[PDB]
Each structure stands twice: as C-alpha cells, then as structure tokens.
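The form deposited in one PDB entry is given below as one chain in structure tokens.
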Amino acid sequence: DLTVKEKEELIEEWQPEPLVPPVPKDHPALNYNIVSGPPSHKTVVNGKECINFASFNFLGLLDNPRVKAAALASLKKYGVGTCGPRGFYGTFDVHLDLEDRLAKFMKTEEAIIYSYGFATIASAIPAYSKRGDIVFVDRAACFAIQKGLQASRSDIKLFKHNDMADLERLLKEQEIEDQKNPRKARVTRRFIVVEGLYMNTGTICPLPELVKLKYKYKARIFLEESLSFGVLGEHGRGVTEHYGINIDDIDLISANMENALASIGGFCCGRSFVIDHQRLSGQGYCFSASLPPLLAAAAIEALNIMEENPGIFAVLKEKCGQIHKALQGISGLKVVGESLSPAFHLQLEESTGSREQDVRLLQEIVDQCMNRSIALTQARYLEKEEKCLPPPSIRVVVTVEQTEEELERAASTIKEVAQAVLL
C-alpha cells in the first residue's frame, strides 16, 4: 500500500503555515514606552518628567541608600551571578541566611526561595496536585495560577468571585460522588487555591469563613498573598495577621520579592512536612540557576528595614484610603477595588461596544495625563489565552513616597481629562 511514488508525490504537495501570523490589524500595544533612568518617584517617561502611579514598590526601598549599600558589599565579595543550579555548587551562604530569615519573619517553620517571581507558583501547584485530583479555584485568579493549574493535569472546577455559597454548593456536589464510589474517593486529594488581595479586581478574600470549609470537607488551602505581603496587617505579614487567623491552618503561602521587597525572586513558606518535598520536585528550582547573591543581600536588608520600623504600614494604608475617596464622582469611570488595597482599578462605565474601542478610549486619558505630570498605565492581558478575561481598566498604584498634595493633584488632574473625553 502507498508505493514509493505516491509517498513522494504526497511530500512535494504539503504546505505548512508560516511560523508567525501576519499582522491582521494594528495592535493596541507594540509601543513600549521607554523610561530614561530608574523608575523612581520622579521618573522620566518618553522624554517627559512626570510622577509615576504605575510602579509596584509600595514601600519605596528601590532608591533607599541603606539597601544599595547592602547590595554593593555582597557584589564586591561574590561576583554577579552564580554558576550552578543550587544542587551543583550553586547554593551560597547568603541563600541559607535569607531562607532562615524569611521563616522567622512569617513565624512559619521553613521557607524556600526561587529565582523568578512567575515560576514560584507555577512550579509549586503541579508538585502536589496530580492526575486524579480535584482543585477548586477562584474565578479571578492571576495568570501564574492558571499556568500552574494547567501544568498539573488535574480536574479544575472554578467558582464565582468571593461567594462562599457557590463554593459550598460546588463542594456538596463532590461529596455526593463519594457515596457513588467509596473506594475511589479515598485516593483523591482536594485543594482550594485562593489568592489574597486579587490583583485583577483589587478585592480581599474572606478567610474566616473559608477555614471552616476546610475542616468540614477535608480540603487543603493554597494561599497566594503576593500582593498583600508587606502591606496588610499591623506588622506587614499579610492577610492572616489582618484577620487574626492562626498561621498553621493555611498549609502553604506563596509570594514574591518583586513588589514590596523591590528585588527579584519568589518564595514559599509553610510547615517542614510540606516544603521539603518540592526541593526535589519543583521544576523551576531543580533545573535552573540560583538567585544571584547581590539580589538576596538586597532582600535581607529590606526585611531588616521592615522589621525595625513597623509603623510604615499604617502610613501606607492611611494615604491608600485617601485617594480612594477623592476618585468618587468621575463621570464615566467607576472605582473597582477595596478601600484598603494599594493597587485598585478604574473601569469604564457604560461600555461603548467592542473591546478595541474601550482600549483606545482609555489610552486617550493615559496619553493626555502624561502631558501634565501623572504617569499611569493600563492593565495588559493575553486576550486569546486566558480563562476569564477582565474588562479594560487603568491601574492606580499608591506608595509611601507620594505626599498628600501630590495625591490631590493627581486626583484633580485625572478628573479634568475624564470629563472631557468620555463626554
């Protein structure tokens, strides 16, 4: 069958698609705005001097002399980069100190640090979840959680955003399927992946009524407080200190050192029974180089500064709740986000129609705000590849460096161009 002439006639006729699709239309992005110098409090964007409300350093610490001095010393002693994957002469004596220091800060038992903030939660979830497992995940989860859940070939069942009734209704249905196969329901684990202080909606998740469900339906919790670490609570420990929840009920906590610590990398903390497993199983921790020492020396000093002065979180939250009050009244824009979150959104009331028109409309307020003295940015997503795509919005981020007069000027300057574009 299929003689050597048919076989060679079929090979000469095939035609593959090109490796990249031609541009069907002028994309909304493809115009990376260049930043001249460091993205500090008073930056220069596209050759214009303007205050930024876009960077994610809630505590400053990016232009802190004390933090740069502690990184220069470790630069002139260790070099720049490691030359190994933490398991072949790649582990220094600063990595151990940082891992010992993080656990003491979180009052947990152990810690593990990664060299990249995206890969810490996309490598942790598939290490515990497997083929025949059930995972209940919130609908407004970030992309890293989605990637981690896709990697772990497990059953995924998402519930609505911030309603315990839907999660309980979802869990009751799974409780029925145990009665219909008791011998199979004894080898399947259940997880509840929840992210405190969601970055896609700017809302806090309720833990006090979510811990009760764990002890009634035997399902473990995976917290992802990557936006509340160093912000919420009296000491900056996250949402567990905010509510008053005992730290031992959470099972595993994940964050990154790229927002409040102003560094590179991510970490996980928890009991020593659950953390020691992913030293041999985490994909991004075994088959990858370790974090450069000068970066870790910068995280240790930031931890020192946070521990020494615990009154900075109060002054962060006081002026975080000060701009969220002056942004009520915009004809066209509605504030979406909690009164405590330091990075809330700014949606569009009465959406035009198509998805491209709103993006262009919002890009009109951003471009016009940069002519004055307020640098903003708008949220970016991968529209084709995402479970539940959020609407277009403009990010507003608040740090401790901005004064109150500066906040008032931003609030009054963002209202004059909002009632002259959407009118």
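Superpose the two forms; the largest set of C-alphas matching within 1.5 Å is the rigid core. Shifts are known only where both forms have a C-alpha. So that there is no doubt, residue numbering starts at 1 and follows the sequence shown.
This next part talks about the form deposited in another entry, which is not shown.
After superposition on the rigid core, the Cα atom of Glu9 is displaced by 2 Å or more between the shown form and the other one. After superposition on the rigid core, the Cα atom of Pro18 is displaced by less than 2 Å between the shown form and the other one. Fitting the two forms on their rigid core shows CA movement of 2 Å or more between the shown form and the other one over runs of at least three residues at 2-12, 23-25.
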